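Participant: Below is the structure I would like to discuss, written out as structure tokens.
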Amino acid sequence: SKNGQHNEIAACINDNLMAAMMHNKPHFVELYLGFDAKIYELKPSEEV
Amino acid sequence: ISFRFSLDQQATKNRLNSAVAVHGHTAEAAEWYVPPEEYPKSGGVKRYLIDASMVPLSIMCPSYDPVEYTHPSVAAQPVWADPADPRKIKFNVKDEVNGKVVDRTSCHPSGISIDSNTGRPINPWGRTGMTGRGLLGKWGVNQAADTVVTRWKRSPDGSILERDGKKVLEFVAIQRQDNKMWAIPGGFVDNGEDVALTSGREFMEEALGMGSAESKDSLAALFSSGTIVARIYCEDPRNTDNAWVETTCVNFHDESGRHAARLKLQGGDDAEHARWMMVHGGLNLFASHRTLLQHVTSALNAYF
Amino acid sequence: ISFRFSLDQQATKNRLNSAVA
Amino acid sequence: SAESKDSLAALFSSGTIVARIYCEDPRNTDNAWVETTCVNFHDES
Amino acid sequence: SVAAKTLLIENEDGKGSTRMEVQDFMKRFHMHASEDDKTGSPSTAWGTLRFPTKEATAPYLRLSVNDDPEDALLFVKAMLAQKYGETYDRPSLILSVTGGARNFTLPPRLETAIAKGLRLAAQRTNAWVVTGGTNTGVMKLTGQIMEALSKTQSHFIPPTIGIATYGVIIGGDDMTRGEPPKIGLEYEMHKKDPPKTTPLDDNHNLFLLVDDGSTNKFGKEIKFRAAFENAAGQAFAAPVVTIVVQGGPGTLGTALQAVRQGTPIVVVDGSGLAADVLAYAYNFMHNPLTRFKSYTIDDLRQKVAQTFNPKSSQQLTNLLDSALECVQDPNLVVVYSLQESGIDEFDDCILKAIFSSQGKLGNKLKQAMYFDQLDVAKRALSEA
Ligand SMILES: Nc1ncnc2c1ncn2[C@@H]1O[C@H](COP(=O)(O)OP(=O)(O)OC[C@H]2O[C@@H](O)[C@H](O)[C@@H]2O)[C@@H](O)[C@H]1O
Ligand SMILES: Nc1ncnc2c1ncn2[C@@H]1O[C@H](COP(=O)(O)OP(=O)(O)OC[C@H]2O[C@@H](O)[C@H](O)[C@@H]2O)[C@@H](O)[C@H]1O
Ligand SMILES: [Mg+2]
Ligand SMILES: [Mg+2]
Ligand SMILES: [Mg+2]
């Protein structure tokens, strides 16, 4: 965040947040929320 | 860590210049000083503009038509002003005017050469596009004395502030009445007096506005240890071809900081405000006072 | 602080008399 | 590189010729040999 | 919407004086028809503006740059005295928010932190917030903060004074043309005005339009704004705290005037440009810590050159000189770093700026009482 790498944070935050939800790690879900984790930008692993 | 940094710089502390490989065309040194076009406090009188590559007297320059201007205050002949016919006066030696000694010797190695046509001295430091005395009262060298009262810049903990591996200085600076630029306290030498009295008298008049018993004695302790750091030519905008300011700089350094702390700074005489100001190379001060501050930091091995 | 003061005085350490002014 | 270029110039304003020696270069022959002048640019800060 | 015929202006030494007619008072305000004019003509552009989706109306007064800020302070006192009665709530704090207008592109996390801290500080101390009058950047952000204040605090609402340069407002002429008092003048930000392009923010409660006769040339209110805040601070014996978030060249000039008029500043480091330059300059000149021993004048000059693009070496020298002149007095600047601190350390920095003043002891203790920092009050009382 300090070194201007915010775009890379935003590109990986949805899947990382998704993985955090799957593996039952609440502390990691809060951590991610505030650093631009948009809960509505989640994507499924497979295609329906 | 502060101690580790301090021990590291105390233990780590054919000459070749390879900057031509980087730049390609070096534009020499700082070249030669040219004063501004508008003479200060003159009511719109403009000088004769010259390029910086033409100021020196070694260079020929046949196209030279300076303007002769003398200020009305100087032309009213005050006690500190020389007569309008500058003949009958000996330059480069100590001269007696009304039984009072005035210095009149320049720090230039060649000396002052006297013009045959008008008897008016000619400035060796180089042309300025203006003859006559202007705002300066004395023909030739106007000797000025500057007082740089310094102390180490300390944080509250008592530790001295350090920048670029060198200790940081702090000097008393006054805001001038005429052009509102910060400067070193100082002034022109009065008749019959020396640089010691002039330096001290101008510092009390300007930065302390005097005119304190043991505190006065403290100030005397401060002025008991002074070193003449430089005697140079001023880059003063009031300089002309027949009258120029040359300064002797006296540095009063307070190593402990006790004597410097007793000064109640309050601007008086030809100063508006006076304050303690950090010495560094990016200062925008009046005339060639940055060179004077360079000389005091060079003598004290301080940051600049 | 005592050491800082000690290192500071070991590293910070024409004569004119202007007391007549 | 503008001011950074100026910084590099500051680096190359203080150089000391430390040695002028004969190189142990493998391309050296009996009629052509490499000899070096060594310039050290030290950055104290 | 009945027009006022008489107004109560407070006397210079007592509590309040006699009520007299509005035109007599409004002769103290001037306007410039062109840049060349110095003496001027009577202003006549003063009244109230109605903005869309806002229930309350906002007073506006256009005055000249050479005009006395004390007269403008009376105008603010007279309007509040008229609207809320004689015994209105006197301010114990003037909180000035300045910074970037069009170049305020700040990461959201910081924006939320600055917004949260400013909301917490202003609410708790019933502060008068003085910003620019425009609907751009940090002022708009501050406006949004005060929007939440306007839906609470019962009867009394603390004024959010917006001081803007006349000559940058897309609706400036409409405000001037007409009879001297205008009560319901509607403000149209979406209207296409040819010379200017900057509209006035709808969340500001009062407006001071500084006029110099120029058109599309900002930078003409910095001195008045600093002088007004100083005049307001002396009159209500309350400390004035300037806050510098991001910034550009006029924010540097605002901080320069503020430190020149004796008003303390709080520079939020890590919030942007003229703030990083100001924080770097203070830390270089005053901070004794180890990480600031590598700070140099050359790196400061390099930072100023990369961030304000001055074009001329003389302009760069003037900007650098002004930046170094701002951090000359160590007491008047308090630097809060955004990325290295806590939620309540910002209130500690604001409180440090409040105590950093010279003689307003009762108000400074009141500010300490609002922020719930007994120690600052004690340490201060013990030192006193
Ligand atoms: N030889 C002189 N020339 C001009 N003015 C003089 C002279 N002697 C006395 N004066 C009077 O002194 C006044 C200037 O005040 P001072 O404090 O004596 O001088 P100041 O201008 O502060 O000092 C000159 C400054 O110029 C720099 O080159 C130099 O470093 C010095 O600081 C002038 O208005 C004038 O009335
Ligand atoms: N008060 C203003 N309102 C709107 N736009 C402005 C203002 N001042 C300048 N601008 C325009 O915004 C552009 C970029 O300005 P910024 O750097 O974003 O802001 P800054 O230059 O710091 O403006 C300083 C002004 O802002 C106020 O906080 C403060 O009163 C100061 O007068 C400039 O080109 C300028 O034309
Ligand atoms: Mg002087
Ligand atoms: Mg004198
Ligand atoms: Mg004098």
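Numbering starts fresh at 1 for the residues of each chain in the structure tokens, the chains themselves are lettered A, B, ... in the order given, and ligands are numbered from 1 as they appear.
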Can you list, as a list in words, every protein, DNA or RNA residue that comes within 6 Å of residue 302 of chain B when you count only C-alpha atoms, leaving out same-chain residues fewer than 5 positions away?

Facilitator: residues 166, 167, 168 and 297 of chain B

Participant: Compile the contact shell of residue 136 of chain B as a list in words: residues with an atom at most 10 Å away, counting only C-alpha atoms, same-chain residues fewer than 4 positions apart removed.

Facilitator: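 Surrounding residues, per the criterion: residues 70, 71, 73, 74, 80, 81, 82, 132, 140, 141, 142, 188, 238, 239, 240, 242, 243, 244 and 245 of chain B.
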
Participant: Suppose we keep N, CA, C and O atoms; can you now write the selection as a PDB file, in the first residue's frame?

Facilitator:
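The file below, again-v4.pdb, is the result:
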ATOM      1  N   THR B  70      23.592  60.018  -8.422  1.00  0.00           N
ATOM      2  CA  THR B  70      23.864  60.169  -7.000  1.00  0.00           C
ATOM      3  C   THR B  70      22.534  60.426  -6.309  1.00  0.00           C
ATOM      4  O   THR B  70      21.734  61.216  -6.824  1.00  0.00           O
ATOM      5  N   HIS B  71      22.264  59.685  -5.224  1.00  0.00           N
ATOM      6  CA  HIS B  71      21.030  59.787  -4.439  1.00  0.00           C
ATOM      7  C   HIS B  71      20.924  61.165  -3.764  1.00  0.00           C
ATOM      8  O   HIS B  71      21.965  61.772  -3.480  1.00  0.00           O
ATOM      9  N   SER B  73      19.824  61.942  -0.721  1.00  0.00           N
ATOM     10  CA  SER B  73      20.286  61.836   0.666  1.00  0.00           C
ATOM     11  C   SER B  73      21.803  61.996   0.763  1.00  0.00           C
ATOM     12  O   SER B  73      22.307  62.631   1.698  1.00  0.00           O
ATOM     13  N   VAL B  74      22.536  61.357  -0.156  1.00  0.00           N
ATOM     14  CA  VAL B  74      23.992  61.467  -0.226  1.00  0.00           C
ATOM     15  C   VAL B  74      24.404  62.867  -0.690  1.00  0.00           C
ATOM     16  O   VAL B  74      25.306  63.491  -0.112  1.00  0.00           O
ATOM     17  N   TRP B  80      28.483  61.415   7.436  1.00  0.00           N
ATOM     18  CA  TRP B  80      29.150  60.190   7.011  1.00  0.00           C
ATOM     19  C   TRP B  80      29.441  60.169   5.516  1.00  0.00           C
ATOM     20  O   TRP B  80      29.868  59.132   4.999  1.00  0.00           O
ATOM     21  N   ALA B  81      29.220  61.278   4.818  1.00  0.00           N
ATOM     22  CA  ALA B  81      29.421  61.358   3.380  1.00  0.00           C
ATOM     23  C   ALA B  81      30.655  62.165   3.001  1.00  0.00           C
ATOM     24  O   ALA B  81      30.907  63.242   3.548  1.00  0.00           O
ATOM     25  N   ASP B  82      31.448  61.615   2.074  1.00  0.00           N
ATOM     26  CA  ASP B  82      32.617  62.304   1.534  1.00  0.00           C
ATOM     27  C   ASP B  82      32.201  63.488   0.628  1.00  0.00           C
ATOM     28  O   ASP B  82      31.051  63.530   0.169  1.00  0.00           O
ATOM     29  N   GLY B 132      29.333  57.447 -10.384  1.00  0.00           N
ATOM     30  CA  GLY B 132      28.842  58.220  -9.263  1.00  0.00           C
ATOM     31  C   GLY B 132      28.767  57.395  -7.990  1.00  0.00           C
ATOM     32  O   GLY B 132      29.113  56.214  -7.951  1.00  0.00           O
ATOM     33  N   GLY B 140      34.890  55.247  -3.268  1.00  0.00           N
ATOM     34  CA  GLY B 140      35.744  54.085  -3.188  1.00  0.00           C
ATOM     35  C   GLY B 140      35.189  52.997  -2.299  1.00  0.00           C
ATOM     36  O   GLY B 140      34.031  52.586  -2.452  1.00  0.00           O
ATOM     37  N   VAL B 141      36.010  52.510  -1.372  1.00  0.00           N
ATOM     38  CA  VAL B 141      35.614  51.366  -0.565  1.00  0.00           C
ATOM     39  C   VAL B 141      34.774  51.834   0.610  1.00  0.00           C
ATOM     40  O   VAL B 141      35.239  52.610   1.456  1.00  0.00           O
ATOM     41  N   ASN B 142      33.537  51.370   0.672  1.00  0.00           N
ATOM     42  CA  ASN B 142      32.722  51.515   1.862  1.00  0.00           C
ATOM     43  C   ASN B 142      32.930  50.234   2.661  1.00  0.00           C
ATOM     44  O   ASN B 142      32.499  49.152   2.257  1.00  0.00           O
ATOM     45  N   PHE B 188      28.080  50.019   7.957  1.00  0.00           N
ATOM     46  CA  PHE B 188      29.226  50.790   7.487  1.00  0.00           C
ATOM     47  C   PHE B 188      30.055  51.293   8.665  1.00  0.00           C
ATOM     48  O   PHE B 188      29.509  51.624   9.721  1.00  0.00           O
ATOM     49  N   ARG B 238      23.464  48.164  -4.412  1.00  0.00           N
ATOM     50  CA  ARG B 238      23.710  49.603  -4.399  1.00  0.00           C
ATOM     51  C   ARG B 238      25.098  49.978  -4.904  1.00  0.00           C
ATOM     52  O   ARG B 238      25.415  51.174  -4.887  1.00  0.00           O
ATOM     53  N   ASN B 239      25.948  48.989  -5.225  1.00  0.00           N
ATOM     54  CA  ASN B 239      27.312  49.217  -5.693  1.00  0.00           C
ATOM     55  C   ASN B 239      27.327  49.888  -7.058  1.00  0.00           C
ATOM     56  O   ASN B 239      26.516  49.577  -7.933  1.00  0.00           O
ATOM     57  N   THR B 240      28.260  50.821  -7.233  1.00  0.00           N
ATOM     58  CA  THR B 240      28.495  51.487  -8.504  1.00  0.00           C
ATOM     59  C   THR B 240      29.966  51.341  -8.868  1.00  0.00           C
ATOM     60  O   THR B 240      30.724  50.617  -8.216  1.00  0.00           O
ATOM     61  N   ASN B 242      32.099  53.829  -8.747  1.00  0.00           N
ATOM     62  CA  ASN B 242      32.894  54.749  -7.951  1.00  0.00           C
ATOM     63  C   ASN B 242      32.682  54.603  -6.456  1.00  0.00           C
ATOM     64  O   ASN B 242      33.314  55.324  -5.681  1.00  0.00           O
ATOM     65  N   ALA B 243      31.838  53.663  -6.038  1.00  0.00           N
ATOM     66  CA  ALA B 243      31.563  53.382  -4.637  1.00  0.00           C
ATOM     67  C   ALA B 243      31.079  51.948  -4.505  1.00  0.00           C
ATOM     68  O   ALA B 243      30.073  51.575  -5.115  1.00  0.00           O
ATOM     69  N   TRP B 244      31.795  51.142  -3.725  1.00  0.00           N
ATOM     70  CA  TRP B 244      31.411  49.745  -3.580  1.00  0.00           C
ATOM     71  C   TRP B 244      31.597  49.314  -2.135  1.00  0.00           C
ATOM     72  O   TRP B 244      32.486  49.804  -1.439  1.00  0.00           O
ATOM     73  N   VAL B 245      30.786  48.348  -1.705  1.00  0.00           N
ATOM     74  CA  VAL B 245      30.802  47.854  -0.331  1.00  0.00           C
ATOM     75  C   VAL B 245      31.729  46.646  -0.252  1.00  0.00           C
ATOM     76  O   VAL B 245      31.649  45.741  -1.089  1.00  0.00           O
TER      77      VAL B 245
END

Participant: Run DSSP on the backbone and grab whatever in segment 76-232 of chain E lands in strand (DSSP E); send it over as an NGL selection string.

Facilitator: :E and (94-99 or 128-132 or 160-165 or 181-186 or 206-211)

Participant: Show which residues sit within 12 Å of residue 28 of chain E, as a list in words. Count only C-alpha atoms, and ignore same-chain residues fewer than 2 positions away.

Facilitator: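 Listing them by chain and then by number gives residues 22, 23, 24, 25, 26, 30, 31, 40, 41, 42, 43, 44, 61, 62, 63, 64, 66, 67, 68, 69, 70, 71, 72, 74 and 75 of chain E.
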
Participant: Residues as selected, N, CA, C and O atoms, written as an mmCIF file, in the first residue's frame, can you do that?

Facilitator:
data_model
loop_
_atom_site.group_PDB
_atom_site.id
_atom_site.type_symbol
_atom_site.label_atom_id
_atom_site.label_comp_id
_atom_site.auth_asym_id
_atom_site.auth_seq_id
_atom_site.Cartn_x
_atom_site.Cartn_y
_atom_site.Cartn_z
ATOM 1 N N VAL E 22 -29.048 48.394 7.171
ATOM 2 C CA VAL E 22 -28.170 47.490 6.433
ATOM 3 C C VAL E 22 -27.279 48.212 5.425
ATOM 4 O O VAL E 22 -26.087 47.897 5.355
ATOM 5 N N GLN E 23 -27.800 49.218 4.742
ATOM 6 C CA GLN E 23 -26.948 49.863 3.715
ATOM 7 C C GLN E 23 -25.788 50.576 4.409
ATOM 8 O O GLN E 23 -24.668 50.473 3.909
ATOM 9 N N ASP E 24 -26.046 51.250 5.522
ATOM 10 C CA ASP E 24 -25.020 51.985 6.268
ATOM 11 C C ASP E 24 -23.849 51.072 6.607
ATOM 12 O O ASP E 24 -22.693 51.519 6.582
ATOM 13 N N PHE E 25 -24.153 49.852 7.087
ATOM 14 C CA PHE E 25 -23.122 48.865 7.398
ATOM 15 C C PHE E 25 -22.432 48.410 6.113
ATOM 16 O O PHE E 25 -21.201 48.312 6.064
ATOM 17 N N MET E 26 -23.221 48.118 5.062
ATOM 18 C CA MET E 26 -22.704 47.570 3.808
ATOM 19 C C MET E 26 -21.929 48.565 2.934
ATOM 20 O O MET E 26 -21.497 48.142 1.853
ATOM 21 N N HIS E 30 -16.284 46.842 -0.690
ATOM 22 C CA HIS E 30 -15.989 47.334 -2.027
ATOM 23 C C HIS E 30 -15.865 46.235 -3.075
ATOM 24 O O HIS E 30 -15.660 45.057 -2.767
ATOM 25 N N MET E 31 -16.010 46.675 -4.321
ATOM 26 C CA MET E 31 -15.871 45.758 -5.463
ATOM 27 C C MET E 31 -15.010 46.479 -6.496
ATOM 28 O O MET E 31 -14.945 47.715 -6.428
ATOM 29 N N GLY E 40 -11.926 51.570 -5.965
ATOM 30 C CA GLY E 40 -13.155 50.825 -6.115
ATOM 31 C C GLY E 40 -14.454 51.603 -6.038
ATOM 32 O O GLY E 40 -14.518 52.825 -5.891
ATOM 33 N N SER E 41 -15.516 50.820 -6.141
ATOM 34 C CA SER E 41 -16.916 51.212 -6.119
ATOM 35 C C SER E 41 -17.622 50.338 -5.093
ATOM 36 O O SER E 41 -16.995 49.400 -4.589
ATOM 37 N N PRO E 42 -18.798 50.788 -4.555
ATOM 38 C CA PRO E 42 -19.596 49.952 -3.623
ATOM 39 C C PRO E 42 -19.999 48.605 -4.228
ATOM 40 O O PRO E 42 -20.323 48.510 -5.414
ATOM 41 N N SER E 43 -19.924 47.569 -3.383
ATOM 42 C CA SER E 43 -20.035 46.175 -3.819
ATOM 43 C C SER E 43 -21.423 45.753 -4.287
ATOM 44 O O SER E 43 -21.556 45.224 -5.400
ATOM 45 N N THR E 44 -22.430 45.823 -3.389
ATOM 46 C CA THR E 44 -23.903 45.604 -3.586
ATOM 47 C C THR E 44 -24.280 44.126 -3.833
ATOM 48 O O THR E 44 -25.431 43.812 -4.135
ATOM 49 N N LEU E 61 -21.185 37.455 0.913
ATOM 50 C CA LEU E 61 -20.737 38.843 0.857
ATOM 51 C C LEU E 61 -19.499 38.905 -0.034
ATOM 52 O O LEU E 61 -18.522 38.195 0.220
ATOM 53 N N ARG E 62 -19.547 39.720 -1.086
ATOM 54 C CA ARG E 62 -18.392 39.975 -1.943
ATOM 55 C C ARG E 62 -17.672 41.255 -1.515
ATOM 56 O O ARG E 62 -18.267 42.338 -1.513
ATOM 57 N N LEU E 63 -16.422 41.105 -1.126
ATOM 58 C CA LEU E 63 -15.670 42.277 -0.662
ATOM 59 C C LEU E 63 -14.340 42.284 -1.382
ATOM 60 O O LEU E 63 -14.030 41.306 -2.056
ATOM 61 N N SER E 64 -13.612 43.369 -1.259
ATOM 62 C CA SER E 64 -12.335 43.513 -1.951
ATOM 63 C C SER E 64 -11.173 42.911 -1.149
ATOM 64 O O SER E 64 -11.308 42.584 0.035
ATOM 65 N N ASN E 66 -8.347 44.549 -0.483
ATOM 66 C CA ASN E 66 -7.759 45.547 0.410
ATOM 67 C C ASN E 66 -8.645 45.891 1.611
ATOM 68 O O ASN E 66 -8.221 46.660 2.480
ATOM 69 N N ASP E 67 -9.870 45.373 1.630
ATOM 70 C CA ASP E 67 -10.873 45.577 2.663
ATOM 71 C C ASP E 67 -10.448 44.915 3.974
ATOM 72 O O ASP E 67 -9.708 43.927 3.984
ATOM 73 N N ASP E 68 -10.891 45.517 5.082
ATOM 74 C CA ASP E 68 -10.562 45.049 6.430
ATOM 75 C C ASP E 68 -11.273 43.734 6.754
ATOM 76 O O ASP E 68 -12.497 43.650 6.584
ATOM 77 N N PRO E 69 -10.537 42.666 7.128
ATOM 78 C CA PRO E 69 -11.164 41.396 7.580
ATOM 79 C C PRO E 69 -12.024 41.461 8.840
ATOM 80 O O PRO E 69 -12.853 40.557 9.046
ATOM 81 N N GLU E 70 -11.777 42.456 9.711
ATOM 82 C CA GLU E 70 -12.586 42.737 10.898
ATOM 83 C C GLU E 70 -14.037 43.077 10.542
ATOM 84 O O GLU E 70 -14.949 42.650 11.261
ATOM 85 N N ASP E 71 -14.257 43.786 9.416
ATOM 86 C CA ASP E 71 -15.593 44.122 8.906
ATOM 87 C C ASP E 71 -16.350 42.867 8.459
ATOM 88 O O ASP E 71 -17.569 42.756 8.667
ATOM 89 N N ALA E 72 -15.628 41.939 7.809
ATOM 90 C CA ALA E 72 -16.164 40.639 7.406
ATOM 91 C C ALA E 72 -16.513 39.781 8.622
ATOM 92 O O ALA E 72 -17.490 39.018 8.580
ATOM 93 N N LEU E 74 -17.454 41.023 11.465
ATOM 94 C CA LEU E 74 -18.687 41.640 12.014
ATOM 95 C C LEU E 74 -19.856 41.122 11.193
ATOM 96 O O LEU E 74 -20.876 40.779 11.777
ATOM 97 N N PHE E 75 -19.688 41.056 9.882
ATOM 98 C CA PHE E 75 -20.748 40.520 9.015
ATOM 99 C C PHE E 75 -21.191 39.125 9.464
ATOM 100 O O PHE E 75 -22.403 38.859 9.496
#

Participant: Please report, as JSON, numbers by chain, each residue of segment 76-203 of chain B to which DSSP assigns alpha helix (DSSP H) when run on this structure's backbone.

Facilitator: {"B": [195, 196, 197, 198, 199, 200, 201, 202, 203]}

Participant: Take the selection from the previous step and output its residues with N, CA and C atoms, as a tab-separated table (two decimals), in the first residue's frame.

Facilitator:
chain	number	residue	atom	x	y	z
B	195	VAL	N	36.72	47.99	13.21
B	195	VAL	CA	35.75	46.95	12.86
B	195	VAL	C	35.12	46.27	14.10
B	196	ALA	N	35.87	46.16	15.22
B	196	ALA	CA	35.44	45.56	16.50
B	196	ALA	C	34.23	46.27	17.12
B	197	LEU	N	34.35	47.60	17.25
B	197	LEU	CA	33.31	48.49	17.78
B	197	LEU	C	32.12	48.53	16.85
B	198	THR	N	32.38	48.56	15.52
B	198	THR	CA	31.36	48.70	14.48
B	198	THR	C	30.46	47.47	14.45
B	199	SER	N	31.11	46.28	14.50
B	199	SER	CA	30.49	44.95	14.48
B	199	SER	C	29.59	44.76	15.67
B	200	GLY	N	30.15	45.05	16.86
B	200	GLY	CA	29.42	44.97	18.11
B	200	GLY	C	28.27	45.96	18.23
B	201	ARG	N	28.52	47.24	17.86
B	201	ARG	CA	27.55	48.34	17.93
B	201	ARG	C	26.35	48.12	17.01
B	202	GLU	N	26.61	47.68	15.76
B	202	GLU	CA	25.56	47.36	14.79
B	202	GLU	C	24.75	46.15	15.21
B	203	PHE	N	25.40	45.12	15.81
B	203	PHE	CA	24.65	43.95	16.28
B	203	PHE	C	23.71	44.32	17.45

Participant: Which neighbours of segment 86-92 of chain E fall inside 9 Å, counting only C-alpha atoms, when residues of the same chain fewer than 3 positions from it are skipped, and could you give them as a list in words?

Facilitator: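 The residues that qualify are residues 8, 16, 80, 81, 82, 83, 125, 126, 127, 128, 156, 158, 236, 237, 238, 239, 363, 364, 366 and 367 of chain E.
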
Participant: Since we have the selection now, will you write its residues out, keeping N, CA and C atoms, as a PDB file, in the first residue's frame?

Facilitator:
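Result file is result-v4.pdb:
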ATOM      1  N   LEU E   8     -28.063  44.257  13.859  1.00  0.00           N
ATOM      2  CA  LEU E   8     -27.307  44.424  15.103  1.00  0.00           C
ATOM      3  C   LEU E   8     -25.818  44.116  14.941  1.00  0.00           C
ATOM      4  N   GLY E  16     -22.646  44.257  22.690  1.00  0.00           N
ATOM      5  CA  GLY E  16     -23.338  44.457  21.432  1.00  0.00           C
ATOM      6  C   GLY E  16     -23.848  45.884  21.503  1.00  0.00           C
ATOM      7  N   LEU E  80     -25.245  35.740  12.319  1.00  0.00           N
ATOM      8  CA  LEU E  80     -25.529  34.753  13.374  1.00  0.00           C
ATOM      9  C   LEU E  80     -26.378  35.348  14.495  1.00  0.00           C
ATOM     10  N   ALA E  81     -26.089  36.610  14.878  1.00  0.00           N
ATOM     11  CA  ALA E  81     -26.847  37.327  15.900  1.00  0.00           C
ATOM     12  C   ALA E  81     -28.281  37.578  15.441  1.00  0.00           C
ATOM     13  N   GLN E  82     -28.468  37.892  14.151  1.00  0.00           N
ATOM     14  CA  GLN E  82     -29.801  38.049  13.582  1.00  0.00           C
ATOM     15  C   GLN E  82     -30.579  36.733  13.536  1.00  0.00           C
ATOM     16  N   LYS E  83     -29.952  35.644  13.075  1.00  0.00           N
ATOM     17  CA  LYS E  83     -30.642  34.372  12.882  1.00  0.00           C
ATOM     18  C   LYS E  83     -30.914  33.614  14.184  1.00  0.00           C
ATOM     19  N   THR E 125     -16.130  19.381  19.243  1.00  0.00           N
ATOM     20  CA  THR E 125     -15.707  20.728  19.743  1.00  0.00           C
ATOM     21  C   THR E 125     -16.547  21.887  19.205  1.00  0.00           C
ATOM     22  N   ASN E 126     -17.644  21.611  18.525  1.00  0.00           N
ATOM     23  CA  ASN E 126     -18.539  22.617  17.883  1.00  0.00           C
ATOM     24  C   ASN E 126     -17.811  23.703  17.075  1.00  0.00           C
ATOM     25  N   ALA E 127     -16.759  23.297  16.371  1.00  0.00           N
ATOM     26  CA  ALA E 127     -15.774  24.125  15.681  1.00  0.00           C
ATOM     27  C   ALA E 127     -16.352  24.908  14.502  1.00  0.00           C
ATOM     28  N   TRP E 128     -15.787  26.095  14.258  1.00  0.00           N
ATOM     29  CA  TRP E 128     -16.116  26.816  13.029  1.00  0.00           C
ATOM     30  C   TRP E 128     -15.089  26.383  11.999  1.00  0.00           C
ATOM     31  N   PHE E 156     -28.744  24.957  17.011  1.00  0.00           N
ATOM     32  CA  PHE E 156     -27.587  25.730  16.557  1.00  0.00           C
ATOM     33  C   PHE E 156     -26.737  24.919  15.589  1.00  0.00           C
ATOM     34  N   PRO E 158     -23.043  25.185  13.727  1.00  0.00           N
ATOM     35  CA  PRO E 158     -21.762  25.929  13.546  1.00  0.00           C
ATOM     36  C   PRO E 158     -21.513  26.277  12.086  1.00  0.00           C
ATOM     37  N   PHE E 236     -12.695  36.094  19.564  1.00  0.00           N
ATOM     38  CA  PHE E 236     -13.383  35.096  20.436  1.00  0.00           C
ATOM     39  C   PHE E 236     -12.376  34.379  21.336  1.00  0.00           C
ATOM     40  N   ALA E 237     -11.150  34.874  21.446  1.00  0.00           N
ATOM     41  CA  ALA E 237     -10.026  34.341  22.257  1.00  0.00           C
ATOM     42  C   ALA E 237      -9.860  32.823  22.135  1.00  0.00           C
ATOM     43  N   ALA E 238     -10.048  32.288  20.911  1.00  0.00           N
ATOM     44  CA  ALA E 238     -10.036  30.867  20.563  1.00  0.00           C
ATOM     45  C   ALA E 238      -8.876  30.538  19.627  1.00  0.00           C
ATOM     46  N   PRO E 239      -8.155  29.414  19.826  1.00  0.00           N
ATOM     47  CA  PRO E 239      -7.083  29.045  18.881  1.00  0.00           C
ATOM     48  C   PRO E 239      -7.605  28.656  17.499  1.00  0.00           C
ATOM     49  N   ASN E 363      -9.786  28.621  26.654  1.00  0.00           N
ATOM     50  CA  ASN E 363     -10.218  27.917  25.460  1.00  0.00           C
ATOM     51  C   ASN E 363      -9.405  26.659  25.180  1.00  0.00           C
ATOM     52  N   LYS E 364      -8.071  26.688  25.408  1.00  0.00           N
ATOM     53  CA  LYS E 364      -7.197  25.520  25.202  1.00  0.00           C
ATOM     54  C   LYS E 364      -7.514  24.394  26.182  1.00  0.00           C
ATOM     55  N   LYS E 366     -10.552  24.073  27.517  1.00  0.00           N
ATOM     56  CA  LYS E 366     -11.860  23.612  27.011  1.00  0.00           C
ATOM     57  C   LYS E 366     -11.704  22.588  25.879  1.00  0.00           C
ATOM     58  N   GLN E 367     -10.754  22.835  24.948  1.00  0.00           N
ATOM     59  CA  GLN E 367     -10.438  21.889  23.863  1.00  0.00           C
ATOM     60  C   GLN E 367      -9.892  20.578  24.411  1.00  0.00           C
TER      61      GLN E 367
END

Participant: Dump as a ChimeraX atom specification the residues of chain E that approach chain B to within 6 Å, counting only C-alpha atoms.

Facilitator: /E:288,290,293-294

Participant: Write the residues of the selection above to a file with N, CA and C atoms, as a PDB file, in the first residue's frame.

Facilitator:
ATOM      1  N   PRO E 288      15.076  15.576  15.548  1.00  0.00           N
ATOM      2  CA  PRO E 288      16.396  15.021  15.880  1.00  0.00           C
ATOM      3  C   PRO E 288      16.558  13.518  15.695  1.00  0.00           C
ATOM      4  N   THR E 290      16.938   9.635  13.997  1.00  0.00           N
ATOM      5  CA  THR E 290      18.002   9.066  13.157  1.00  0.00           C
ATOM      6  C   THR E 290      17.657   8.964  11.679  1.00  0.00           C
ATOM      7  N   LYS E 293      18.397  12.110   9.393  1.00  0.00           N
ATOM      8  CA  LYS E 293      19.771  12.597   9.257  1.00  0.00           C
ATOM      9  C   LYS E 293      20.284  12.608   7.816  1.00  0.00           C
ATOM     10  N   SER E 294      19.673  11.840   6.918  1.00  0.00           N
ATOM     11  CA  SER E 294      20.003  11.823   5.498  1.00  0.00           C
ATOM     12  C   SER E 294      19.237  12.858   4.679  1.00  0.00           C
TER      13      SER E 294
END
